[PDB]
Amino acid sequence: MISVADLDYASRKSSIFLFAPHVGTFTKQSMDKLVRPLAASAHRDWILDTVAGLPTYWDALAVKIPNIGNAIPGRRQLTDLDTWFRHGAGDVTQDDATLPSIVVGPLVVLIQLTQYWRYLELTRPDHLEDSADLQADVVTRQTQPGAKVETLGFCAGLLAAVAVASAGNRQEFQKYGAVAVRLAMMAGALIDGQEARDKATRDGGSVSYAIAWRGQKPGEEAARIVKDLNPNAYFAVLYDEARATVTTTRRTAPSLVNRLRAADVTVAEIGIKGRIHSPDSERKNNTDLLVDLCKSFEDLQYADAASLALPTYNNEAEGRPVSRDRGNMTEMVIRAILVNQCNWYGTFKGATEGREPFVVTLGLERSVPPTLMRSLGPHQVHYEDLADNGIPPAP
């Protein structure tokens, strides 16, 4: 545990707010520990308003994409989510089932956004009240020496990162935060729906593994093994120089694991179920439909790429924030998460190389590639490690 007072954040050259991906799963019990402080916080009213509205967006999604609408009880999952925040979960000890992405996506967006706001509060200038518009302040000061700010999302972290980058003040933080929650729900539904459909087949649903090798050659063998298991298996995330996340169907998982291990590749199962960053034809078609649907809702839009309040990144290793002509940010985020490979290693190296940014990770998973963490030295912090990092109850 580290105190904000011990970070020397005041001596930073710049900041990158890194919004983490999902990795591990949640139960009602484990998630309740995070939901309760959210529900008790100053964010309560805007959270409730946002979550109350989700079933309407689910309805539209179900009409647009009947294969997803018929596959999962999306409405029930979302009405239960509303009750969870509004009235409480009740006994969370009963069911050890992992929560679906249609709910975890929205919840993790909220966790990340509230951590971000609390970080601004903990590090705010001495003259500012804790009730001040902290977003307006960091955005206004971003031109001062040593006050540059960028946001950098990793997979689902893109939803929160782009919300913050779109927001010039508190009102816009709430507006674009709500957009992010809705998009997270919808992306989660596509993942969950395909998973339910897959489980009804011999191939089964999908699972993912964090893998690691040593050297060029063993990496090539790992790639060969995954390719041989195409299209069941694929590389979802390129995480570090010699680390990746691979996803495959349950049917082929033992084969994948056993062949990788025989090739001297370490393999560790991660929690998240389903297929993310997926090249599947069904996923491509569903994503095209979701993109079309989002175009029809003003309330599903982020700021335009030419109008962001702060710079932000995709996960395609550009070496710089997305260009001002990149256009529709909702489409970029949806495609980046649902279909496009996540080149995290290249993205993170690109965002940090030749610079000395203070990297602050929001979320619940450690996100800085080990080979690149060393060079960041002391100018980094993972939010979970901070003292007094609870979301404060409403004043």
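Start at 1 with the first residue shown and count on from there.
On average the C-alpha atoms of 349-357 have higher B-factors than those of the other stretch, with 333-341 and 349-357 being the two compared. Relative to its counterpart among 105-113 and 202-210, 202-210 has the higher mean temperature factor, C-alpha atoms as listed in the PDB entry. When the Cα B-factors of 324, 175, 76, 277 are read from the PDB record, 324 comes out highest.
Ranking 182, 197, 127, 118 by Cα temperature factor from the entry places 127 first. For residue 248, the recorded CA temperature factor ranks within the lowest third of the chain's modelled residues.
Residue 303: CA B factor lies in the middle third for its chain, per the PDB record. Ranked within its chain, residue 186 lands in the lowest third, by CA B factor from the PDB record. Sorting the modelled residues of the chain by their CA temperature factor places residue 382 in the lowest third. Among all modelled residues in its chain, residue 23 ranks in the middle third by Cα B-factor.
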